[PDB]
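In: need coordinates for the below:
(chains A, B and C, ligands or ions: 1)
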Amino acid sequence: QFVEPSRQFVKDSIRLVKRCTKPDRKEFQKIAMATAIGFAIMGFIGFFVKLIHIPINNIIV
Amino acid sequence: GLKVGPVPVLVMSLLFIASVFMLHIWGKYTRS
Amino acid sequence: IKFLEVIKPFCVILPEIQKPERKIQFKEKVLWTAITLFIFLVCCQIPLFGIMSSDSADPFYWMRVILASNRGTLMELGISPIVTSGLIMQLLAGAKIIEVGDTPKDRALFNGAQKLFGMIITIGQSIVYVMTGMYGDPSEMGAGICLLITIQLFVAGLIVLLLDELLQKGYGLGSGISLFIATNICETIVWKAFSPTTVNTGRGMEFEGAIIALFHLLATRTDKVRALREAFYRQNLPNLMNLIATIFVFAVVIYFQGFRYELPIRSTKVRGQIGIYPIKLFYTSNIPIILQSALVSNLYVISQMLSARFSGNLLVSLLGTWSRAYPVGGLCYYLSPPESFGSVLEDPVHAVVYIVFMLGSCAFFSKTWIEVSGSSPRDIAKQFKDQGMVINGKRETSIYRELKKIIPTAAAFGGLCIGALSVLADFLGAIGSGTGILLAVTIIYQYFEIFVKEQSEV
Ligand SMILES: C/C=C(\C)C(=O)O[C@@H]1[C@@H](O)[C@@H]2O[C@H]3[C@H](O[C@@H](CCCCC)CCCCCCC(=O)CCC(=O)OC[C@@H](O2)[C@H]1OC(=O)/C=C/c1ccccc1)O[C@H](C)[C@H](OC(C)=O)[C@@H]3O
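Out: Numbering: from 1, shown residues only, chains lettered A, B, ... in the order given. Sure, the structure comes next:
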C-alpha cells in the first residue's frame, strides 16, 4: 500500500511549488547574467592557462 | 600547529611548481 | 570529546593559515581568489615526474571533471581527499560520534582532525593510483620512483589544503573546493567549444572545438548547409547541439535555483527586526548530486577491479559486466545513462530503471543529509528558539510544525528536481554532463550570493 504515501508526497510537492517564490524576469535575467559572467571568467581563464601550458608540456615531456 | 600566513603558502606553491619543473628539465638533460 | 583528544598530538603537526585581523576588503579577497585559482590551474596542467607510461586504461575517468582532477598531472587526486575528509567529519558530527563544539579549542581540534583525515586519504589515494596500474608497472618504475610520485601527490594535496584553508579563513571570497570544481567544469565546457586542437581521421583537418569547427567548416565549404549540419550533428567530436543543450540546461537550472519559500519571520528578543527566512527548493544545494556521483563512480571502479581480479565469478557479473570501458550488463549497466534514444527504445526497462534510481537516490540523499547536516526541521526550530525568531502568522508554539510541513518536502522535491535535471542534461547530451553543469551553476550562484551580500554591505 505504497500508493498513498507517494500520492501524499506528490500533493505536498505541488503545494510547495505553488507557494514557492519563482524568479521574475528581472531576477532571472540578473542571475543568468551573473552566471554567464562567472562562467566566462573561470572557463576562459582555465582555457588560456591550458593553452599556454600545452607548449611547455610538449617541451618538458 | 605551524600557524603560518598566506604569503608563506603562495611562495611554497610557486616553489613546488618550480621544483617539479626543474625535476623535469634535469630529467631531460640527464636522458641525453 | 575523546576521539579528537587522542589524535590531538597528531593533529598539532600540520600547518594552519593565519586568521586575518583586519576585515579583508572585497578587492583583496578577489585578488586572493584569483591567485589561488591561478595556482590551482597551473598545477593541474603540470605533469608528474615519475610517470613511465600514461597509455593504460583509466579507471577514474567518470567524475574527473567534477573532482577537479587531471590524469597524470599534479592535480590528479583533485578534491577527492578534502571532500572525503569533509564527508566523514560531517558524518561523525551529525551521527554523534564526535563534537564540533562551540569552543575555539573544539573548533581547532575539529579542523585539525579534518585536515589530518584529508592528508591520510591523500596518501591512500596516491598509493592506490600508483599500485592499480597507472603510470606503468610499479615494479618496473621502482620503489624510489613510486615514493617520489607519492611525495609529489602528497605535496600537491597539502597545497590544495592550504589554498582551501586560505580561502575559507577570510582571505578569499568563498571555498576552495567549490571554486576548483566550478573552474574545472567551466574550463571543460569552454575547451569543448573553443579549442584549437586538430584531429584528422581521413576527411581532413577539423578542430574539435565546436564553434571553431563551425567557423572552419563555413570557411572550407563556403557556407554550405552540409558544413552547417556537420558542425551541429558531429557525433565523433563536440558539436553545437551539445552546446545548445548545455546552455538550455544552465538556463533551466538557473530558473529552478531561484525557487524558494519565503518565511515571514519576526524577532521577539530584539523587537523590530522583521525579516524573511528563505527555504530554497534546492535545500541541500548539491550534496545529493555529489553523493550520488561518488557512489556511482565508486561502484564502477569496484566493478571494474572485481571483473579484472575475479573474472569469471557470478557475483561480479551480477554486480556489473564491462566491455574507455562501458557497462553492458549487470548492476552497473542500470546505473548508467542510456547511450542514445535508440538505446532507450531497445531497452526501455533500462531507461526507466536509470531514471527511477537517479530520482530516488537524489531524494534519499537529500532527506538524509537534512538530518545528518543539522538542517532538519527540528534543528531549524531549535535555532529559531535560540535566536528568538518566530513566524508572523503562526504562533510561537507552532514553529516546528510549520518547518516540518516544508523542509522535508522541500528537501525531497529538491532531490527529485536536481536528479531530473541531471537526467535531462545527460539525455540531451550537454557538455559538462548533468553533474558538472549542476555543480558549476550552483557554485556560481553561491559566488553571486557572496557578491550581492558583500557589495550590499559595502
Ligand atoms: C564534487 C566532489 C565529489 C563528487 C567527491 O569528492 O567524490 C569523492 C570520491 O572521489 C571518493 O571516492 C574516491 C575513493 O575514495 C575512497 C576514500 C579512501 C581512499 C583510498 C584509501 C572512498 C571509499 C569509500 C567509498 C564508499 C562510500 C560511497 O561510495 C558513497 C560516496 C562517498 O561517501 O565517498 C566519499 C568520497 O569518495 C567522495 O566525496 C563525496 O562524495 C563527498 C560528498 C560531501 C557531501 C557533503 C559534505 C561534504 C562532502 O578513492 C579512489 C581512489 C577515487 O579517488 C580519486 C578519483 O582520486 C575515488 O573517486
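
In: near chain C, which residues of chain B are found?
Out: For chain B, the residues in contact with chain C (CB under 8 Å from any CB of the partner chain) are B:1-6, B:9-10, B:12-14, B:16-17, B:20-21, B:23-24, B:27. C-beta coordinates here come from the backbone N, C-alpha and C atoms, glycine included.

In: give me the distance between residue C:373 and residue C:91.
Out: For residue C:373, the distance to residue C:91 equals 10 Å [CB to CB, to the nearest Å].

In: same question for residue C:271.
Out: The gap separating residue C:271 from residue C:91 is 40 Å, by CB to CB.

In: what do you get for residue B:4?
Out: Taking CB to CB, one finds residue B:4 at 29 Å from residue C:91.

In: go on, residue C:367?
Out: For residue C:367 relative to residue C:91 (CB to CB), the value is 16 Å.

In: more neighbours: the two, which one.
Out: Neighbours were counted for residue C:367 and for residue C:91 using other CB atoms under 10 Å in any protein chain shown; residue C:367 has more, 21 against 13.

In: in contact with the residue of the stretch 51-200 of chain C found nearest chain B, which residues?
Out: Nearest residue of the stretch 51-200 of chain C to chain B, counting by CB to the nearest CB: residue C:162, 4.6 Å away. Each residue near residue C:162 by CB atoms under 8 Å, 6 or more residues apart in numbering or on different chains is listed here: B:9, B:12, B:13, C:15, C:17.

In: does it sit in a helix, a strand or a coil?
Out: Three-state call for residue C:162 (DSSP: H, G, I helix; E, B strand; the rest coil): helix.

In: up against chain B, what does chain A have?
Out: Counting by CB under 8 Å from any CB, chain A comes close to chain B at A:60, A:61.

In: pretty sure residue C:288 sits against residue C:417.
Out: No: using CB atoms under 8 Å, residue C:288 is not in contact with residue C:417, being 10.2 Å away.

In: please say which of these two ends up with more neighbours.
Out: The neighbour count for residue C:288 versus residue C:417, taken as other CB under 10 Å, is higher for residue C:288 (28 against 22).

In: what's the helix or strand for the more buried one?
Out: For residue C:288, the host element (DSSP states H and E) is helix C:287-309.

In: if you count neighbours, what's buried in that helix?
Out: Going by neighbour count (16 or more other CB atoms under 10 Å in any protein chain shown), the buried part of helix C:287-309 is C:287-294, C:296-297, C:300-301, C:303-304, C:306-307.

In: indicate the residue of the stretch 201-350 of chain C located nearest to chain B.
Out: Proximity of the stretch 201-350 of chain C to chain B (CB to the nearest CB) peaks at residue C:290, 26.0 Å away.

In: start to end distance for stretch C:166-173?
Out: 10 Å (CA to CA, to the nearest Å).

In: ugh, typo on my part, it should be stretch C:337-347
Out: Using CA to CA, the end-to-end distance of stretch C:337-347 comes to 12 Å.

In: what's the local residue count around the closest residue to chain C within chain B?
Out: The nearest approach of chain B to chain C comes at residue B:2, 3.6 Å away (CB to the nearest CB). Residues near residue B:2, counting by other CB under 10 Å, number 9.

In: dihedrals phi and psi, it?
Out: Phi and psi for residue B:2, reported as degrees, to the nearest 10, are phi -80, psi 80.

In: and if you look at residue A:14?
Out: phi -60, psi -40.

In: how many neighbouring residues does it have?
Out: Residue A:14: 10 surrounding residues under other CB under 10 Å.

In: now do residue C:51
Out: Other residues close to residue C:51 by other CB under 10 Å number 19.

In: which helix or which strand is home to the closest residue to it other than its chain neighbours?
Out: Closest residue to residue C:51 apart from its sequence neighbours, by CB to CB, 6 or more residues apart in numbering or on different chains: residue C:135 at 4.7 Å. Assigned by DSSP H and E, residue C:135 belongs to neither a helix nor a strand.

In: list the contacts for residue B:10?
Out: Contact analysis of residue B:10 by CB under 8 Å, 6+ apart lists C:35, C:39.

In: ok, residue C:289 next?
Out: With CB under 8 Å, 6+ apart, residue C:289 has these contacts: C:362, C:418, C:419, C:422, C:434, C:435, C:438, C:439.

In: neighbour-wise, give me the winner out of these.
Out: Sorting those by how many neighbours each has (other CB under 10 Å) puts residue C:418 first, at 32 neighbours.

In: quickly find the element holding that one.
Out: Element membership for residue C:418, per DSSP H and E: helix C:407-428.

In: most proximal residue of chain A with respect to the ligand?
Out: residue A:42 (15.5 Å; CB to the nearest ligand atom).

In: that residue - that's part of a helix, no?
Out: Yes: counting by three-state DSSP, residue A:42 is part of a helix.

In: distance of the residue in chain B positioned nearest to chain A from the ligand?
Out: Using CB to the nearest CB, the closest approach of chain B to chain A is made by residue B:24 at 4.2 Å. As judged by CB to the nearest ligand atom, to the nearest Å, residue B:24 and the ligand stand 23 Å apart.

In: tell me the SS of that residue?
Out: Following three-state DSSP, residue B:24 is assigned to helix.

In: show the contacting residues for it.
Out: A:60, A:61, C:47, C:49.

In: quick check: helices, which of those residues are part of them?
Out: residue A:60 (DSSP state H).

In: of the contacts of residue B:24, buried ones?
Out: Among those, those classed as buried by 16+ other CB under 10 Å are A:60, C:47, C:49.

In: could you export those residues as JSON lines, including distance to residue A:30?
Out: Converted to JSON lines, these look like this (distance: CB to CB, whole Å):
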{"residue": "A:60", "distance to residue A:30": "45"}
{"residue": "C:47", "distance to residue A:30": "41"}
{"residue": "C:49", "distance to residue A:30": "47"}
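
In: for residue C:146, state which of those is nearest.
Out: residue C:49 (12.0 Å; CB to CB).

In: any idea how far residue B:32 is from the residue nearest to that closest one when sequence neighbours are not counted?
Out: Nearest residue to residue C:49, sequence neighbours excluded (CB to CB, 6+ apart): residue B:23, at 4.6 Å. Separation of residue B:23 from residue B:32 (CB to CB): 16 Å.

In: more neighbours, those two?
Out: residue B:23 (16 against 4).

In: buried ones in the one helix or strand residue C:443 maps to?
Out: Under the criterion of DSSP H and E, residue C:443 resides in helix C:433-457. For helix C:433-457, burial by neighbour count (16+ other CB under 10 Å) applies to C:433-448, C:451.
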